[PDB]
């Protein structure tokens, strides 16, 4: 045996799918891959002991009912290779809940009743991406959910695994803590003359206490699943979250826990969009330089943090000049 062929990159070995139709199981276009596996498989992101290693994590599109299978062409034998294969199955079991199915027949049996899946919580926003060309239109909804919603706790356990693959320093939250808020994005779709809901992404926000009587909601985790990225959903989600908290006088403004470069770019885009038509951000105001009243209006109208209001100023100042 060539042992080099028994070390495998876990970023390409882990195959993720979101399944709406049985044909999605055989369509490689529906397969997407982790950006991070270092929290399970080390800095090198490798598993040892298998050739042709495939780690299948397939999810029903809405409910995220899970199939988990480990496949391989061959593995090391301790009698002849004198070493044991990595416990890939046990490592994955550490970050997915029990009760997953282990074969495509049982997975397809669950897909038959996926029409029963409904979004959790309170509807905040509906939006459509309408064809300019006489083609397909797509329709999305954003909900605020909590652990009082039937089935949400178990769904969140299935969903949170995705953070390990897509956020470098993801860690699982304490859902017993009542200060956690949850914002969900679904896509509506039709199947067999019914209307179903597909999970698109989500955000967790910690309602951080500011003594004596205020909060400063902190964006903790935000994920738009790979197939939905770069299509405006993250911007709709962060805008909807700002608009939600805007209705609470006890909310000061919104921050983030350890924001990524991609998050900072998205936040700048969203907060510039919200501020651009505010009177304090007019061209004539911008040309006179940054004024505190810009941060005051941004905080009052949209719960924008003073640091972020200064960035909005800098970007809008660049926009009104050559």
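Numbering follows the first chain given and starts at 1.
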query: Mean Cα B-factor comparison, 244-252 or 82-90, giving the higher one as deposited; finding: 82-90
query: Comparing 181-189 with 122-130, the one whose average Cα B-factor in the PDB entry is higher; finding: 122-130
query: Criterion, highest CA B-factor; candidates, 33, 263, 68, 281; finding: 281
query: Record-listed C-alpha B factor of residue 217: chain third; finding: lowest
query: Third of the chain, ranked by Cα B-factor, where residue 135 sits; finding: highest
query: Third of chain Cα B-factors occupied by residue 14; finding: middle
query: B-factor third for the C-alpha atom of residue 47 within its chain; finding: highest
query: Third assignment of residue 59 from its chain's C-alpha B-factors; finding: lowest
